[PDB]
Amino acid sequence: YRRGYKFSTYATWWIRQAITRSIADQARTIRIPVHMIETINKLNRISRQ
DNA sequence: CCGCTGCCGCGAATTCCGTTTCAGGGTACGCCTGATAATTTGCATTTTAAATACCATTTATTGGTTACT
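Residues numbered from 1 in each chain as written, not as in the entry; some residues may be left out. Chains lettered and ligands numbered in written order. Part of a larger assembly, values for the part shown. Heavy atoms only, no water.

> Would you mind going over the overall build of chain A with me for this structure?
The helix and strand tally for chain A stands at 2 helices and 0 strands. Principal axes of the C-alpha set define a box for chain A whose edges measure 45 × 30 × 15 Å. Per-residue burial over chain A gives 6% buried out of 49 residues. Carbon and sulfur atoms form 60% of the exposed surface of chain A, whose accessible area is close to 5,400 Å². (Helix = DSSP H or I, 4+ residues; strand = E, 2+ residues; numbered from the N terminus. Buried < 20%, exposed > 50% of the residue type's maximum accessible area, 1.4 Å probe, protein only. Areas by Shrake-Rupley, 256 points an atom, 1.4 Å probe, with all protein chains shown as cover.)

> I'm lost on a nonpolar patch on the surface in this one. Help?
A contiguous nonpolar surface patch, about 480 Å² in accessible area, is contributed by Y10, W13 and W14. Mapping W13 onto the fold places it in helix 1 (residues 7-25). (Patch = residues over 30% accessible without salt bridge, like charges linked within 9 Å, V, L, I, M, F, W, Y side chains within 5 Å. Salt bridge = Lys/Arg side-chain N within 4 Å of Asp/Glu carboxyl O.)

> Sorry if this is basic, but what is going on with the packing of aromatic side chains here?
Within the structure shown, the criterion is met by 1 aromatic pair. Taking 6.4 Å as the distance between ring centres and 90° as the angle between the ring planes, the aromatic pair formed by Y10 and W14 counts as edge-to-face. Residue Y10 and its partner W14 are located together in helix 1, separated by 4 residues, close to a single helical turn. Side by side, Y10 and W14 carry an identical accessibility label, which is exposed. (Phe/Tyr/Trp six-rings, centres within 6.5 Å; stacked < 30°, edge-to-face > 60°.)

> For this particular structure, what's the right way to read the protein's contact with DNA strand B?
In the neighbourhood of DNA strand B, the contacting residues comprise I23, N41, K42 and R45. The side chain of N41 places a nitrogen or oxygen atom 3.3 Å from a base oxygen of DNA strand B. Here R45 contributes a side-chain N or O atom positioned 2.8 Å from a phosphate oxygen of DNA strand B. Among the elements that line the surface near DNA strand B, the one with the most residues is helix 2 (residues 34-48), at 3 residues. Class assignment for the residues of the surface near DNA strand B results in 1 nonpolar, 1 polar and 2 charged. (Near = heavy atom within 4 Å. Polar contact = N/O pair within 3.5 Å; in protein donor to acceptor, adjacent residues only side chain to side chain. Nonpolar A, V, L, I, M, F, W, Y, C, P; charged D, E, K, R; others polar.)

> Would you take a moment to explain unusual backbone geometry for this structure?
In most cases, non-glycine residues show a negative phi, while peptide bonds are predominantly trans. One non-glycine residue with positive phi stands out, namely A27, at about 75°. Relative to the helices and strands, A27 is located in the loop between helix 1 and helix 2.

> Before we go on, may I ask you to explain helix 1 in this structure?
Each α-helix winds once per 3.6 residues, and so residues spaced three or four apart point in a common direction. If you check helix 1, its first and last C-alpha atoms are 28 Å apart, about what 19 residues at 1.5 Å a residue would give, namely 27 Å. Positioned one or two residues after helix 1, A27 has a phi angle of 75°, which is positive. (Expected span 1.5 Å × (residues − 1).)

Next up, the structure:
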């Protein structure tokens with residue numbers, strides 16, 4: 001709290017990180033590593049636009 | 001105070017054939033670091049123009065002359 005910021009501002013980053021890291025590790029039968037998941041997500045975001 | 005309702009379970013033929021093996025989620029980014037998977041040399045075993053060291057039984061040259069168109 002010494003930083004003087006609202007709690008939610010800090011907490012949201014950790015929550016997003018945890019959720020996304022898990023959805024990368026689990027959720028596939030054959031486990032693609034994290035970095036490849038990031039690259040595939042970039043690929044898909046570029047393809048739509 | 002031993003009757004009836006209402007829930008929930010469970011089941012519904014046989015072979016072949018055909019066919020599109022097929023798609024859909026809507027969320028970030030940049031560091032250190034060890035952790036494998038690549039790539040680089042030497043040493044065991046073949047295989048060595050062949051070269052080599054002995055046994056082998058079977059023709060070859062043979063030892064030519066004594067009879068004689």
